[PDB]
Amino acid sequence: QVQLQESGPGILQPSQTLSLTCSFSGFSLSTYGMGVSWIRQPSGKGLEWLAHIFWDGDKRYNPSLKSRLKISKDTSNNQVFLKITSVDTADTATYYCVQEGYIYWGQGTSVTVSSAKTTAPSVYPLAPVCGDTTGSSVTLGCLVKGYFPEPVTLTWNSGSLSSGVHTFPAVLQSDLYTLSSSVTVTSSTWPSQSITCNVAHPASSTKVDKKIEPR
């Protein structure tokens, strides 16, 4: 009904300014009581409110960050903007543009801040230490190490094997992300037919497949 779309930069390094943009249709920043908010959710956690601009030009800020924030509205273009000056690693979040503070949330836009630069990963195989016959089970793994930026697309046997896969989340260790997946299949399955980890990193056009082979 209303359309709220947020546009912003992909990756920003530290030191810089983040310029976000809310474009709204449906409502006027003229209406009595009207306004827009910016809210952000840090990567894996709570939602935090950043700033709020009103119809009457009045602006309201998050008392901790107000020293690095400025909301402005282009009512001729139907845009409001937020500018955070001096981004460091902790403003990695998803910024959402939100009508009168709660009623209509747009989609979000994901900002990553990092010195780091596009490094393709390393696919390392993990085949069993094993102590067989304590199950007719077997788990295998594939650790993807050192890549940037997110994302990677991991499969097993080129997505032929999908049940009893567990792909863990990417955790950025020293500027750089890591990620593992376990696949767990029955003993009749491996080594009888082969298992292959598939990783591809579209931010580098890295496509690797590592056969999991017995030790």
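One-based numbering along the sequence shown.
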*Comparing 31 to 39 with 162 to 170, which has the greater mean CA B-factor as deposited?*
162 to 170
*Averaged over C-alpha atoms, is the B-factor higher for 4 to 12 or for 205 to 213 in this PDB entry?*
205 to 213
*Would you mind checking which of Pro63, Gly26, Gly146, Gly46 has the top Cα temperature factor in the PDB entry?*
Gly26
*Would you mind finding, among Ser110, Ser114, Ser86, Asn77, the residue with the largest C-alpha temperature factor in the entry?*
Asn77
*asked:* Sorting by Cα B-factor within the chain, modelled residues only, which third would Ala127 end up in: lowest, middle or highest?
replied: lowest
*Among the chain's modelled residues, which third holds the C-alpha B-factor of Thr133?*
highest
*asked:* Taking only the Cα B-factors deposited for this chain, tell me whether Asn157 sits in the lowest, middle or highest third.
replied: lowest
*Relative to the other modelled residues of the same chain, rank the CA B-factor of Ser19 and answer lowest, middle or highest third.*
lowest
*So where's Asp56 on the chain's Cα temperature factor ranking, which third?*
middle
